[PDB]
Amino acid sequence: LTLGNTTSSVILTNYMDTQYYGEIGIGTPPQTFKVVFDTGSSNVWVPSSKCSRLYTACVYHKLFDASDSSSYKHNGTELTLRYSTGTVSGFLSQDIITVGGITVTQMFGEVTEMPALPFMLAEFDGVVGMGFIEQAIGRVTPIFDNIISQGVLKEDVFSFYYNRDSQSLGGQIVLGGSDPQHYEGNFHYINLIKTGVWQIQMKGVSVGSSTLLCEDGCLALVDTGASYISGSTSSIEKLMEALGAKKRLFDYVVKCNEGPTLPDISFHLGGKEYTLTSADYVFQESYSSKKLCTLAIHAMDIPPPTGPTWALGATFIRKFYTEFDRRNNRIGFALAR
């Protein structure tokens, strides 16, 4: 493990508080893509020019054209990424990828099958997984592992800052460090339950005074690629019940007036109590009683080995700056400023 003296940031754009993405270039000359950085997976993919135009999602995103890249190297083995809320499919390819000014040779998936629901709902074109090789499909090396192999980063860590807001910085990732301009107080760490997955032990979840949730203990996925906080269907039904929340098709709501009356939600992680006020988790876009406001906390059942498990996504990261320590297998939380 070589540690140099470089640091890179990626500027992130915030879309509707649910999608955070920046820019990467692929090939010679670079073909730019908007991608999301997902600690909850470990592959890289962008949609491919070879994606049937009968896939509307492809007609609406940037497509990588190998035949315009003088650095592309063929491989072609099949690939399928089955995420919690949708699937993509295609084949492996190799080329140069610029990310934060760092240039790295990388194997990625050229997706030739991307469903309208949901990809038609995506602002970005692709994903850059920030997880370990233990979660990478097709045994493909992760892009951070590859960057780490170059020995240029100060520390074997990267940090996420998601702003709430929308002219202003949308978000920011620091490869090989953190940006103290974005957090305050001290960091506080937790060791990953295991290596291979950005997940940690969670002691309890309290809704207001009356602590409903996992009084015993549970798992928490720290997930930069997720818009919401998610828990087991079971856990979430009880959580929601105590908020007077009404469960609809894909989300929970409450009469827009009742939003601010909603109590605090805390999550106990290694000693500190991480609390979110209603303003932190409601989409207050009205104050009327005649209108339903949505909650940034979904119900989602994740299977073994990973699940069952809570997910802490953009709803949480927005309040607490997050550093992913690969060297020590821990995750620091600080108060985002």
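In this text, residue numbers run from 1 along the sequence as written. Note that the rigid core is defined as the largest set of C-alphas that superpose within 1.5 Å between two forms.
Here the rigid core sets the fit, and in 9 other deposited structures of this protein the C-alphas of 45 to 53 stray farther than those of the other stretch, out of 306 to 314 and 45 to 53.
In 9 other deposited structures of this protein, superposed by the rigid core, the C-alpha atoms of 77 to 85 lie farther from the shown form than the other of 200 to 208 and 77 to 85.
Across the other PDB entries of this protein whose models span the neighbouring residues, residue 332 is modelled without exception, so it is unmodelled in far fewer than a third. The records show that residue 172 is included in the coordinate set of every other eligible entry of this protein, so it is not omitted in a third of them. The modelled chain breaks after residue 166 and resumes at residue 167, leaving 1 to 3 residues of the deposited sequence without coordinates. Stretches compared: 209 to 217, 136 to 144. Higher mean C-alpha B-factor in the entry: 209 to 217. Between 261 to 269 and 113 to 121, it is 261 to 269 that carries the larger average Cα temperature factor according to the deposited entry.
Based on the entry's C-alpha B-factors, the most elevated value among 93, 201, 71, 103 belongs to 201. The top Cα temperature factor in the record, among 107, 245, 88, 152, falls on 245.
Per-chain ranking of the deposited C-alpha B factor places residue 183 in the middle third. Sort the chain's modelled residues by C-alpha temperature factor and residue 301 lands in the highest third, per the entry. In the PDB entry, a CA B factor belonging to the lowest third of its chain's modelled residues is recorded for residue 43. In the deposited entry, the Cα temperature factor of residue 224 sits in the bottom third of values across the chain's modelled residues. Residue 129: CA B factor in the lowest third of modelled residues in this chain (values from the PDB entry).
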